[PDB]
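I have placed the structure first, in the form of C-alpha cells, so that the comments after it can refer back to it.
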Number of protein chains: 2
Amino acid sequence: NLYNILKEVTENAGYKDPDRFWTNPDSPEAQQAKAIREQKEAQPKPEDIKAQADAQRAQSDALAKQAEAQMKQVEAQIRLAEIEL
Amino acid sequence: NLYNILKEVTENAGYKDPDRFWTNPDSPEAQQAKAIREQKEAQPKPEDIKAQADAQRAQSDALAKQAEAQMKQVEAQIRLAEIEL
C-alpha cells in the first residue's frame, strides 16, 4: 500500500518510471533485505543472561534438595550407631 | 534511489556532472567503505559480558552437580564402614 501511494505521488509529480526513486517490496532484493532484517532479531541483550540465571536457579534447586536429603540421611545413621555404642 | 534523487536535483540546479558533488554507491570506493562499515559491526559491548555470565553460571551448575554427587558418595561410603566397626 505504501509503495502504491509512493508510485501515485511520483507519477503525479511527472515521472512515469517509479523504480528510479523507489524499490518494489515484492522484488527479490526486497525479500532478501527483509530476510536479513528478520534474522537480526535472533536474541536480545539480557535474555541470554536471563537463561543463564535460570540455569543457576536450577542448580540452586538441586543443591538445596540434595543438601536436605543428605542431612536427613546424616541424622538417620551417624548418631544412632554411636548412640547404641 | 537516493543517488538518483540527488543526481536529478543537482542536474536541475544547473550542474551537468553529478560526480563532483556526490559519489556513486556502486563505485568500488563505496563498496570498500560499506565493507569497513559492516566490519566495524563485529561485536557489540555487553554481549561478551552476557556470554561471560553464561559461562560463570554454567560453572555454577557444574560445581553444583559434582558437589551433590560427591556428598552423596561421602555419606554412602565414609559412614557405613565406621558404623560397622
Side-chain angles (χ1 to χ4, degrees), chain A residues 1-67, chain B residues 1-73:
Chain A
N1 290 329
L2 310 171
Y3 175 62
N4 293 334
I5 295 173
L6 293 175
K7 274 153 52 43
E8 201 77 29
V9 165
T10 313
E11 291 193 0
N12 202 292
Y15 302 95
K16 186 70 53 155
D17 192 0
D19 292 343
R20 284 231 311 271
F21 296 157
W22 312 109
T23 290
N24 193 312
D26 301 352
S27 60
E29 293 82 3
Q31 320 272 20
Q32 155 172 331
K34 274 162 42 44
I36 296 89
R37 196 162 55 95
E38 182 65 26
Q39 188 274 331
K40 288 189 286 185
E41 292 93 7
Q43 51 87 31
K45 187 186 295 185
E47 265 306 315
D48 185 21
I49 292 171
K50 193 65 172 293
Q52 58 90 32
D54 288 331
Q56 68 82 23
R57 177 69 196 91
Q59 72 85 27
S60 178
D61 286 322
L63 278 177
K65 262 79 174 179
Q66 276 87 22
Chain B
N1 292 146
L2 303 154
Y3 174 70
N4 293 334
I5 296 173
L6 293 189
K7 173 204 309 311
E8 199 78 28
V9 160
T10 314
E11 293 179 353
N12 204 277
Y15 301 94
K16 184 63 69 177
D17 189 352
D19 291 343
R20 294 221 330 260
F21 296 156
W22 317 107
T23 184
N24 195 305
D26 303 338
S27 60
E29 293 82 3
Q31 322 274 20
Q32 156 170 331
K34 284 161 57 38
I36 296 89
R37 165 141 81 80
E38 294 294 328
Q39 188 274 331
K40 288 188 286 184
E41 294 293 327
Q43 58 87 30
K45 173 59 149 274
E47 300 329 304
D48 292 332
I49 315 180
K50 176 183 73 176
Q52 153 268 308
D54 297 334
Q56 184 178 2
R57 289 183 186 173
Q59 182 303 330
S60 88
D61 315 328
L63 267 173
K65 305 313 286 176
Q66 280 93 24
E68 299 147 32
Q70 273 143 8
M71 190 66 203
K72 269 310 172 180
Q73 291 157 334

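To find a chain, count down the sequence lines: A is the first, B the second, and so on, and within it residues start at 1. Side chains are part of it too, since the values below use all heavy atoms of this structure and drop only hydrogens, waters and symmetry mates.
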Might you confirm whether atom [atom1] of [X] has over 12 heavy atoms from other residues, nucleotides or ligands at distances under 6.0 Å?
X: B:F21; atom1: CZ; answer: yes
X: B:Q66; atom1: CD; answer: yes
X: B:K34; atom1: NZ; answer: no
X: B:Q31; atom1: CD; answer: yes
X: B:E8; atom1: CD; answer: yes
X: A:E41; atom1: CD; answer: yes
X: A:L2; atom1: CG; answer: no

request  = Decide side-chain contact (heavy atoms from CB on, under 4.5 Å) for A:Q59 and B:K65; before the verdict, give the C-alpha distance in whole Å, the side-chain angles of both, and the deciding distance to 0.1 Å.
outcome  = CA-CA 7 Å; A:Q59 72 85 27; B:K65 305 313 286 176; 5.9 Å; no
query = With a 4.0 Å cut-off, would you call A:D54 and A:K50 a salt bridge?
reply = no
Pairwise distance [atom1]([X]) to [atom2]([Y]) - rounded to 0.5 angstrom:
X: A:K40; Y: A:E38; atom1: NZ; atom2: CD; value: 11.0 Å
X: A:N4; Y: A:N24; atom1: CG; atom2: CG; value: 8.5 Å
X: B:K45; Y: B:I49; atom1: NZ; atom2: CD1; value: 6.5 Å
X: B:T23; Y: B:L6; atom1: OG1; atom2: CG; value: 11.5 Å

Under 3.5 Å side-chain donor-acceptor pair for A:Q56 and A:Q52 = no
inquiry  = Hydrogens and angles aside, do A:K7 and A:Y3 bring a side-chain donor and acceptor to less than 3.5 Å of each other?
reply    = no
request  = Take B:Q43 and B:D48, measure what side-chain contact (heavy atoms from CB on, under 4.5 Å) needs, and give me the verdict at the end.
outcome  = CA-CA 8 Å; B:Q43 58 87 30; B:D48 292 332; 2.8 Å; yes
key: Where B:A30 and B:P25 come nearest, the two heavy atoms and their spacing   = CB-O, 3.2 Å
request  = Take A:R57 and A:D61, measure what salt bridge (charged side-chain N to carboxylate O under 4.0 Å, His left out) needs, and give me the verdict at the end.
outcome  = CA-CA 6 Å; A:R57 177 69 196 91; A:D61 286 322; 2.4 Å; yes
